[PDB]
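These notes concern the structure reproduced below.
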Amino acid sequence: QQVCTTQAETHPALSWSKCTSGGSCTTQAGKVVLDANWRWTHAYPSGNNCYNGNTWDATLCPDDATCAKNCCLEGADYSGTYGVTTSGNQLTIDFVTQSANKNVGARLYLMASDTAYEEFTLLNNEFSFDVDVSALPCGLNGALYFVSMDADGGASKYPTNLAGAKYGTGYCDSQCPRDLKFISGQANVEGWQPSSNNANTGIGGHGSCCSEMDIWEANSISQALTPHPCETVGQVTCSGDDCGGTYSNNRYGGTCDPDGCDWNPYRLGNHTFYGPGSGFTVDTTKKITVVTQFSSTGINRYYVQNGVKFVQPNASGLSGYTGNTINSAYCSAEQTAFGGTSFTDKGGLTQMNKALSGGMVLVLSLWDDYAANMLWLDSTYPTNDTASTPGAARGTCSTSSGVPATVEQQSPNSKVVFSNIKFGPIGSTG
Ligand SMILES: *[C@@H]1O[C@H](CO)[C@@H](O)[C@H](O)[C@H]1NC(C)=O
Ligand SMILES: [Cl-]
Ligand SMILES: [Cl-]
Ligand code: NI
Ligand code: NI
């Protein structure tokens, strides 16, 4: 895509800490950038909208290549349109923001500079952040995660991407998402189908696949930590159903693992660890520090709240696994007990570790779920199962919760607040 400037693009500043072996940390002057899908796209250098509602303009966009030549991305009013603000080391994302239109959430990337995403190599290192999920009810997901995106958004590979990282291009993840309007310097107009339950979204003929490490997906009720490997570490474009993922006729027919080897303490039999108020070990009405440590043998986790350190609880009642670590033994035991082969079919932790040994881009988002109402995170899922089905129970939310139109109407002032990001070798951030 091209770049237009009737709306200025200024990336909100966000401080974070880089720590070194020995525990010295120094402040990094980062910034964040809004994903290109949230932006206004119109004719370059000026003219009609290329995309409006959930359909493309056929004249401007007769094919994928011509569309990208004819259409530009605009700048973003982060606070006024998207409900995104920063202060020092703190980032806030509001759920519903009303201005010209109703905006729902956001997806943002941490930048090293105004033209480059920050690239984190996770293996042998740890990532720490603080989060306030108190204003995230059932059906919402405040997510902090990593994907194997190109640092320049693909600009050096695809000359028709003139927008680059400055405009939040180049997203990919383990779903091989097909809802993206621009992939690898081309529009996704050919075969585009509007969503039946969402006025603003659709599904195109291509998707964008890459490795993904979901450090944090959570609301005030439930949370999960999930590696997702892909057969190719970095970005690849897929076609149609061969993308796999939720919006495809065969979920597992692609090159990424859309399920992942997930660790949700509630799903793993600990129903008192995480939740609102003093009945839980980690009280979700108050700020939580979440630390995640990556090794060739596994992923370890601890929390700090009110100055008190709590390690990840052990899996409870999982046949053949007694630890608290995402390692190959856990991922196999999980598949054996709960079902599925996707994670190991796509190369498991060995393949995940290849992505963790290269640069990954930090993604911060807030979303509601137009496929499954977030029931997979915070309720019983699938709903035709009950608590007696192994792995069915993931949280205490009602099976009727999380319908997007309902949560958007009911809880529009929901928000997530991420802060105090720290990164360095294992043991260095604490
Ligand atoms: C849940 O985790 C807490 C904190 O680690 C622990 O004290 C408690 O025994 C765990 N519950 C079960 C059922 O294992
Ligand atoms: Cl229980
Ligand atoms: Cl419970
Ligand atoms: Ni194609
Ligand atoms: Ni219980």
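Readers should treat all values here as calculations from the given coordinates under stated rules, not as data from a laboratory. Note that each Cβ is placed from the backbone with ideal geometry, even for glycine, and that neighbours are counted across all protein chains shown.
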- Message: Give me the one-decimal Kirkwood hydrodynamic radius in Å for the stretch 178-334, with the sum taken over alpha-carbon pairs.
- Response: 17.9
- Message: Check which residues have an amide H placed less than 5 Å from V3's amide H, if you skip close sequence neighbours.
- Response: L73
- Message: Starting from the Kirkwood Rh over alpha-carbon pairs, what translational D in µm² s⁻¹ does the chain have by Stokes-Einstein at 10 °C and 1.306 mPa s?
- Response: 73
- Task: Using the Cα centre as the reference, give the magnitude of the dipole from point charges on the C-beta atoms of the stretch 2-430 (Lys, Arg: +1; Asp, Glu: -1; all else neutral), rounded to the nearest 20 debye.
- Result: 780
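Could you work out how much longer the chain between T6 and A100 gets when fully extended? Use 0.36 nm per residue separation minus the Cα distance between them, nm to one decimal.
Computed gain between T6 and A100 is 32.3 nm.
Scan the stretch 121-184 for chymotrypsin sites (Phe, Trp or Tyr not before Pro) in coil per DSSP, keeping those whose Cβ has at most 15 other Cβ atoms within 10 Å, and list them by number.
Within the stretch 121-184, no chymotrypsin sites (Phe, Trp or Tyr not before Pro) qualify (loop, at most 15 other Cβ atoms within 10 Å).
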- Query: If amide H atoms are built 1.01 Å from N in the plane of the peptide, which residues on other chains or at least 5 residues away come under 5 Å of the amide H of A116?
  - Reply: none
- From fewest to most C-beta neighbours within 10 Å, the residues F418, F294 line up as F294, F418
- Message: Skipping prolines and chain starts, which residues have an amide H placed within reach, meaning under 5 Å, of the one on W16, given they are 5 or more residues away or on another chain?
- Response: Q28, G30
- Kindly flag which residue pairs out of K31/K286; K181/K346; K166/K309; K102/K166; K287/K354 have an alpha-carbon separation exceeding 29 Å in this structure. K166/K309; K287/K354
- The ³J(HN,Hα) series, computed from each phi in the stretch 10-27 with the Karplus coefficients 6.51, -1.76 and 1.60 at θ = phi - 60°, rounded to the nearest Hz and given as x for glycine or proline, is 10, 7, x, 6, 8, 7, 8, 10, 9, 10, 10, 3, x, x, 5, 10, 10, 6
- Query: What are the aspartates and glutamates whose alpha-carbon lies under 19 Å from the alpha-carbon of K422, with same-chain residues fewer than 8 places away excluded?
  - Reply: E118, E119, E126, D130, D132, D214, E217
